[PDB]
Amino acid sequence: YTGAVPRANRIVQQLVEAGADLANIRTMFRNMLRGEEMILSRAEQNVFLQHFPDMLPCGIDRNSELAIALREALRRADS
Ligand SMILES: [Cl-]
Ligand SMILES: [Cl-]
Ligand SMILES: [Cl-]
Ligand SMILES: [Cl-]
Ligand code: NA
């Protein structure tokens with residue numbers, strides 16, 4: 001399956017593979033959607049670039065299906 005939800009789950013999977021702290025990523029991403037750059041490891045950055053290719057010059061659109069799905073997935077994993 002390749003909808004926004006399985007894709008967001010893949011992001012979370014890759015983040016944990018990369019040693020990320022999901023609580024931290026959740027906070028970082030919430031701030032990204034507000035417009036603040038994330039402080040990421042090279043590994044964490046590379047995960048995000050696989051899924052949000054224009055992130056560095058353009059930020060991430062909080063209304064995009066994938067950003068919504070990732071917001072949801074990070075919240076659910078962080079409960
Ligand atoms: Cl998608
Ligand atoms: Cl690299
Ligand atoms: Cl792609
Ligand atoms: Cl909460
Ligand atoms: Na995207």
# chains A, B, ... in the order shown; residues from 1 in each chain; ligands from 1

$ residues_near_ligand --ligand "ligand 2" --cutoff "8 Å" --atoms "only C-alpha atoms and all ligand atoms" --output "list in words"
residues 42, 43 and 46 of chain A

$ residues_around --residues "residue 29 (chain A)" --least-positions-apart "3" --cutoff "9 Å" --atoms "only C-alpha atoms" --output "MDAnalysis selection string"
chainID A and resid 24:26 32:34 36:38 67 70:71 74

$ atom_distance --atom1 "CA of residue 44 (chain A)" --atom2 "CA of residue 13 (chain A)"
11.4 Å

$ residues_near_ligand --ligand "ligand 3" --cutoff "10 Å" --atoms "only C-alpha atoms and all ligand atoms" --output "PDB file with C-alpha atoms, in the first residue's frame"
ATOM      1  CA  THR A   2       1.247   3.511  -0.909  1.00  0.00           C
ATOM      2  CA  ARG A   7       4.087   6.364   3.772  1.00  0.00           C
ATOM      3  CA  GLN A  50      13.318  10.918   0.964  1.00  0.00           C
ATOM      4  CA  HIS A  51       9.751  12.033   1.680  1.00  0.00           C
ATOM      5  CA  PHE A  52       9.730  15.842   1.663  1.00  0.00           C
ATOM      6  CA  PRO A  53      12.176  16.585  -1.201  1.00  0.00           C
TER       7      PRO A  53
END

$ closest_residue --among "A:69, A:45, A:17, A:76" --to "ligand 1" --atoms "only C-alpha atoms and all ligand atoms"
A:69

$ closest_atom_pairs --of "chain A" --to "ligand 4" --cutoff "10 Å" --atoms "only C-alpha atoms and all ligand atoms" --output "CSV"
residue,atom,partner,partner_atom_place_in_ligand_line,distance
A:23,CA,ligand 4,1 (Cl),9.9
A:75,CA,ligand 4,1 (Cl),6.8
A:76,CA,ligand 4,1 (Cl),8.5
A:78,CA,ligand 4,1 (Cl),7.3
A:79,CA,ligand 4,1 (Cl),6.1

$ write_last_selection --atoms "N, CA and C atoms" --output "PDB file, in the first residue's frame"
ATOM      1  N   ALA A  23       9.739  11.317  20.322  1.00  0.00           N
ATOM      2  CA  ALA A  23       9.217  12.458  21.059  1.00  0.00           C
ATOM      3  C   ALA A  23       9.829  13.755  20.540  1.00  0.00           C
ATOM      4  N   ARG A  75       2.252  11.414  16.741  1.00  0.00           N
ATOM      5  CA  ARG A  75       1.449  11.551  17.959  1.00  0.00           C
ATOM      6  C   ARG A  75       1.078  10.195  18.535  1.00  0.00           C
ATOM      7  N   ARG A  76       0.626   9.284  17.675  1.00  0.00           N
ATOM      8  CA  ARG A  76       0.206   7.969  18.144  1.00  0.00           C
ATOM      9  C   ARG A  76       1.370   7.140  18.691  1.00  0.00           C
ATOM     10  N   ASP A  78       3.993   8.443  20.044  1.00  0.00           N
ATOM     11  CA  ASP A  78       4.498   9.140  21.225  1.00  0.00           C
ATOM     12  C   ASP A  78       3.534   9.088  22.427  1.00  0.00           C
ATOM     13  N   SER A  79       2.411   8.387  22.298  1.00  0.00           N
ATOM     14  CA  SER A  79       1.492   8.246  23.432  1.00  0.00           C
ATOM     15  C   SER A  79       1.891   7.101  24.367  1.00  0.00           C
TER      16      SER A  79
END

$ residues_near_ligand --ligand "ligand 1" --cutoff "6 Å" --atoms "only C-alpha atoms and all ligand atoms" --output "PyMOL selection string"
chain A and resi 3-4+7+66

$ write_last_selection --atoms "C-alpha atoms" --output "PDB file, in the first residue's frame"
ATOM      1  CA  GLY A   3      -1.282   5.987   0.552  1.00  0.00           C
ATOM      2  CA  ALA A   4      -0.218   8.826   2.865  1.00  0.00           C
ATOM      3  CA  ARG A   7       4.087   6.364   3.772  1.00  0.00           C
ATOM      4  CA  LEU A  66       1.657  13.343   4.037  1.00  0.00           C
TER       5      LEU A  66
END

$ select_by_dssp --residues "chain A" --states "alpha helix (DSSP H)" --output "number ranges by chain"
A: 4-17, 22-34, 42-51, 55-58, 65-77

$ atom_distance --atom1 "CA of residue 54 (chain A)" --atom2 "CA of residue 40 (chain A)"
15.6 Å

$ atom_distance --atom1 "CA of residue 73 (chain A)" --atom2 "CA of residue 28 (chain A)"
14.0 Å

$ closest_residue --among "A:21, A:57, A:8, A:30" --to "ligand 5" --atoms "only C-alpha atoms and all ligand atoms"
A:8

$ closest_residue --among "A:16, A:49, A:77, A:56" --to "ligand 5" --atoms "only C-alpha atoms and all ligand atoms"
A:49

$ closest_residue --among "A:39, A:60, A:47, A:22" --to "ligand 5" --atoms "only C-alpha atoms and all ligand atoms"
A:60

$ closest_residue --among "A:18, A:12, A:5, A:55" --to "residue 68 (chain A)" --atoms "only C-alpha atoms"
A:5

$ closest_residue --among "A:19, A:41, A:72, A:61" --to "ligand 5" --atoms "only C-alpha atoms and all ligand atoms"
A:61
